[PDB]
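To keep things clear, I will list the structure first and then write my remarks on it.
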Number of protein chains: 2
Amino acid sequence: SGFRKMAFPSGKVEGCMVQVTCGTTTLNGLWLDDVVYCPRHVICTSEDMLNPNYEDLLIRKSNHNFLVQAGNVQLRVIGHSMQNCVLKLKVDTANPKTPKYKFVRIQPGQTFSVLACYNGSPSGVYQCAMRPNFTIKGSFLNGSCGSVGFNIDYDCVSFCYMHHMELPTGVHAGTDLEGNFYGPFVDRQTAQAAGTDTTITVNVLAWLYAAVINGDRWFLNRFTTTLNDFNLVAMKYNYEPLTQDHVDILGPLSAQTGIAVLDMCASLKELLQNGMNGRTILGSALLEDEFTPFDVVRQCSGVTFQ
Amino acid sequence: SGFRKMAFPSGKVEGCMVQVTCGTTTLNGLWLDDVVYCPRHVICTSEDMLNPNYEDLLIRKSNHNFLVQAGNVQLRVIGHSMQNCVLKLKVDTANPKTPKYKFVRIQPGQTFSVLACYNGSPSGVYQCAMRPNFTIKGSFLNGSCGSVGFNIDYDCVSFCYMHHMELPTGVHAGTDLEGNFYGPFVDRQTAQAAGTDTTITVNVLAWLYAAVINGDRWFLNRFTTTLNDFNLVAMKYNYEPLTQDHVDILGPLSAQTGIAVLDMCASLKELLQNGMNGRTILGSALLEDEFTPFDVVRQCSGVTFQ
Ligand SMILES: CC(C)NC(=O)c1ccc(C#Cc2ccncc2)cn1
Ligand SMILES: CC(C)NC(=O)c1ccc(C#Cc2ccncc2)cn1
Ligand SMILES: [Cl-]
């Protein structure tokens, strides 16, 4: 029993982390096969970040300008190219620790594990969610750019996030491994503000199912509701609209616990209108929305990865 | 910026996890050098756990009774012995992935990263704290026993916890890697209840310093207090007494932020007496006490591990 914010095992990703240095800028890169992926702002200085022209800046860069280091061994760069907002540094040595992997662009609401790095060395691992406004609430300091977010299913590492920027409000923005930013953010130090931080309704419901599975049932009520009526309350409290797809996705949890999805919605409705009354749910005094129905099932069933 | 519950990189520990099977019982073991460590209740059935005599049960066990498996390769056991509540299965092959490591018995209030496993395969990683009542609030299901808690400093893995039991209240109990239980718990399915779950005061203060560092300052007040007067309030709310040692340990954070430790105590006092008033601190609606002063400094400074 017990429910905890749980990241995937990071061993497979640790072995792909390298340090990329371009001039006076150092950040982390992802070494898969014979290619190193890193944020393209590695080629920028601090003054360049206000208004960079990346195509022009890259003209002054050759293969030997990109210093790639793994441990105390230095990778030979035999080619480089810019794809959207990442650079692909072709090296001459295939990473012997390349795991089975994919590049996946996640949707808002999905979760992933972040391996925060500095100078190509791992610092820690934590669980994140792509917010509806396409930011993430991470823990990143100077030099963390290049750190990746990922998921693991059995033996395949699905890379979905690369860290790029920290917005003036403290939240974080990045790209997929193809260099396309999540949301409307650019790799420029300009005025770009995050939108409304809506709550992932389907994830709160999955987390409430996990609470029931683990003994916390005080929040269960005697009411039910309809998707439309509940969504009227969700709008008021800045909750993402619940769709029939979300209901179907919660089916497995509904069956295991015997609590209809709309019954749980009515319980959530009361919590949004009346609060927690100083109580807690799975050790939290607020409604957690960074557990997917997939995460709850996986943690509550003991899925492993080899 | 941003502060997140952060576990150490688990790659070094993943490579030491094996599966130990004894009869019909399977659990995880820690393979360091040519020795495998696992909970001694692996030799027990479900009916044996009510009142086991481990010395007698082990007489019916030989080396070949202990099935140790790493991946799809099976370790040859050439010796076995019982140390407190763990078994040491001497194998004939030194783990080629043995990291630099130590066995450390942590004190209540200290934190560590847990690598939850099942059948010797990692499932996830999360951060835990040894509670003052010597339990931990983890996420463990059947077959997780053997999963270890650890810390990492640069290249040395300090193993401090091995999972053993889940108490009827949902919290978890285990031993150090020498087989001595934390607290008064035994590896018996008997009536043993956890004590008062006191709050780790020094950790709440470190977490409040981390909030200030990251922009959350609404809780800062105009008052100060003395260690004695604050402890009068700490007793009321079941908070561990704050000692001069705790003050000295918070020194580095006090210097970086310019907020005297006793000033922060007075701010905590108001929070305990008046609550949060529906506000949040670093995304939490309650006072977090599973960050040590050491964790805050490490995450806020970007310490890495190689
Ligand atoms: C205008 C001038 C003063 N610029 C600076 O000095 C400057 C700009 C940006 C950053 C940064 C960063 C970061 C990125 C991702 N995650 C965490 C942190 C540091 N320093
Ligand atoms: C009396 C009889 C019904 N016993 C059982 O079936 C029985 C006892 C104990 C467990 C367990 C466990 C566990 C340990 C550590 N972490 C998580 C879970 C499962 N099953
Ligand atoms: Cl909370």
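Quick note: numbers on chain A are straight from Swiss-Prot, i.e. 3264-3569, in order.
Any Cβ shown, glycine's included, is placed from N, Cα and C.
In Swiss-Prot this protein carries:
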ACT_SITE  A:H3304  active site, for 3CL-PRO activity
ACT_SITE  A:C3408  active site, nucleophile
CROSSLNK  A:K3268  ubiquitin cross-link
CROSSLNK  A:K3353  ubiquitin cross-link
DOMAIN    A:3264-3569  domain 'Peptidase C30'
Cβ packing number for A:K3353 (ubiquitin cross-link), 10 Å threshold:
15
Using Cβ atoms only, which residues of the same chain lie under 8 Å from A:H3304 (active site, for 3CL-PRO activity) while being at least 6 residues apart in sequence?
A:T3288, A:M3312, A:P3315, A:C3348, A:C3408, A:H3427, A:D3450
Members of the recorded positions set A:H3304, A:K3353, A:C3408 whose C-beta sits under 8 angstroms from chain B:
none
Which chain-mates of A:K3268 (ubiquitin cross-link) that are at least 6 residues away have a CB under 8 A from its CB, listed by sequence?
A:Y3389, A:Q3390, A:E3553, A:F3554
With DSSP assignments reduced to helix, strand and coil, which class does the residue listed as 'active site, for 3CL-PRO activity' get?
helix
Give me the count of other Cβ atoms within 10 A of the Cβ belonging to A:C3408 (active site, nucleophile).
27
Taking DSSP as the reference, which of helix, strand or coil describes A:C3408 (active site, nucleophile)?
strand
Please list, in sequence order, those recorded positions from A:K3268, A:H3304, A:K3353 with the Cβ less than 6 Å from ligand 1.
none
